[PDB]
Amino acid sequence: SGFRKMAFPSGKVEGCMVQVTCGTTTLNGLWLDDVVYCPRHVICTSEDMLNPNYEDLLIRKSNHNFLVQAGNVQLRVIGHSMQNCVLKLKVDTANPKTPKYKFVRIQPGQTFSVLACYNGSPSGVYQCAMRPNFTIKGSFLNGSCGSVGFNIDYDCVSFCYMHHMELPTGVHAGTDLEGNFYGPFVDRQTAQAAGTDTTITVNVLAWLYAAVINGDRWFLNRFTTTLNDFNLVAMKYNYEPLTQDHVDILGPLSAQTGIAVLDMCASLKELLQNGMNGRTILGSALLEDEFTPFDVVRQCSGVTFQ
Amino acid sequence: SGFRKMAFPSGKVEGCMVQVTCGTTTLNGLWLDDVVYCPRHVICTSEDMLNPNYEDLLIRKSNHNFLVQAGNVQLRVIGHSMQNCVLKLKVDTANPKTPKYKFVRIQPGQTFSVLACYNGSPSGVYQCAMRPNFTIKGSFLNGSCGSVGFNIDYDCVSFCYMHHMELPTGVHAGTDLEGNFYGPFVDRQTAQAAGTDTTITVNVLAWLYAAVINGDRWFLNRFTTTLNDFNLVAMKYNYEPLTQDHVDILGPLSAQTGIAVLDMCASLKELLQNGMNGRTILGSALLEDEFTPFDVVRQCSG
Amino acid sequence: XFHXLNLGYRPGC
Amino acid sequence: XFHXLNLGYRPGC
């Protein structure tokens, strides 16, 4: 029992973290096989960031302008190319600790672990979600660029996020591992802001199932709402619409607890309208939306990794 | 910016996790150099747990009664001893992934990372605190015994917890890496319960400093308090006494924010008396007490 | 009770 | 702004 915000074990990723320096700019890189991945703004000065032509700026760099450090070893850069907003540095040595991996672009509402790094050295691990507005509520200081987000299935690391920037509200924006930003953000020094966000309804429902699984049932009510009636109330509280696809996804948790998805919707509706009334759910005084249905099942069933 | 419940990177610990089996009982072990550490109840059947004499039970075992598996490789047990509530199995192979490590017994209020494991395989990592009642609010299913708690400083792993058991309220109890339980708990099947818990005052103050560092001041006020007056109010809300040592420990955060410790105490006092009134602090509607002053400095600075 | 599958752990005690 | 020392990151934008 117990239910905690839980990250994937970070070991497989720790073995891939390096430091990348170009001129006066230093940040983190990800070393997989004979390639090191990092934010392309590593090649920029402050002047350049106002209106960078990255093609032009990169052409002005040689292999020897990049200093890549793994632990206490300098890796020899033998090639460089840009892919969208990430730089790829080909090195003469394949990382012997390379895990089985893939790169995946995730959807909003999906969660992942972040390994926060500074100077190529792992500092900490925490769990986050891609918000509906394509930011993440991370914890990152200057120097954290190139830290990555990931999931693990059995022995395979799916990298989904590379950190690039912070927005005025203190939330974070970045790319997939192929350098495409999540959301409309750009790697140029120009005014940028997070859009209005919404609550990830399917995840709140998942967390309510987690609560039931852990013996926390005070909020249950069996006045089964309809999807339409529910979404009317959701709209009002700035919750994402719940689709039939979300209902299907909640199937296993519904079956495990014997509580119909639309009954849990009825409970959530009541929670939104009346609040928690001084009570907590899984130790929280607010409705939590950064556990997916998958996360709940994994944590409640004891799934492990190789 | 941002503030998250944050764990240490778990790689150094992952490389130490093994599966230990005796008879019908399987749990996790920690493999450091040529020794594997695990809960001594690995040697028990359910009958034995009612009133175990572990000295008597262990003397009935041989080295070959213990099956240790690292990955898909069987380690040969060549010795065994009991130390308090942990079993130590000497194996013929030193773990090549052994990090620099020490064993430390922590105080209530201190935080650590937990690497939850099943069948010697890592499942997840999370951060928790040793509660004043010497339990932890973890997430553990049957099979998680032998999972460990730890801190990391530069390259050195300080192991502070091995998991043994769950209490009726769903909280968790265990030992240090030398097998001494935190709290009054015993590794016998008999009625046990968590005592009434208290809030870790020094940590709440630390987290309020975290909030200020990240740009939130709404809960501050113009008042100060004395340590004595503050503790009078704390007592009433089931908060731990704040000592001068705690005040000294909060020094760096005080200096960084320019808010005197006793001024933040005045803010906390007001928060306890009036509540938050539907406002949040760092995304929380409750006062959070599982970040130490060191955790705040580590995460907010560097 | 104990988080080791034959040793009689029961959620809630 | 960007979380890489001299590229002008300012808390709050």
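Numbers in chain A come straight from Swiss-Prot, and the residues shown are 3264-3569, in order.
Determined via X-ray crystallography, 1.7 Å.
Every residue, even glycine, has its Cβ placed from backbone N, Cα and C.
Going by Swiss-Prot, these are the annotated features:
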ACT_SITE  A:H3304  active site, for 3CL-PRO activity
ACT_SITE  A:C3408  active site, for 3CL-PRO activity
CROSSLNK  A:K3268  ubiquitin cross-link
CROSSLNK  A:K3353  ubiquitin cross-link
DOMAIN    A:3264-3569  domain 'Peptidase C30'
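Taking only the Cα positions, the spacing between A:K3353 (ubiquitin cross-link) and A:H3304 (active site, for 3CL-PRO activity) is 17 angstrom. A:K3353 (ubiquitin cross-link) carries a strand DSSP state (E or B). A:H3304 (active site, for 3CL-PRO activity) is 32 Å away from A:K3268 (ubiquitin cross-link) when you measure Cα to Cα.
The 10 Å shell around the Cβ of A:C3408 (active site, for 3CL-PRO activity) contains 28 further Cβ atoms across the protein chains shown.
Sequence-distant neighbours of A:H3304 (active site, for 3CL-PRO activity) (same chain, 6+ residues apart, CB-CB distance under 8 A): A:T3288, A:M3312, A:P3315, A:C3348, A:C3408, A:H3427, A:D3450. Take the recorded sites A:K3268, A:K3353: by the count of other Cβ atoms within 10 Å of each Cβ, the lowest one is A:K3353. When the C-beta distance to chain B is held to under 8 angstroms, the recorded positions A:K3268, A:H3304, A:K3353, A:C3408 reduce to A:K3268, listed in sequence order. In sequence order, the recorded positions from A:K3268, A:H3304, A:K3353, A:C3408 that place a Cβ under 8 angstroms from a chain D Cβ are A:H3304, A:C3408.
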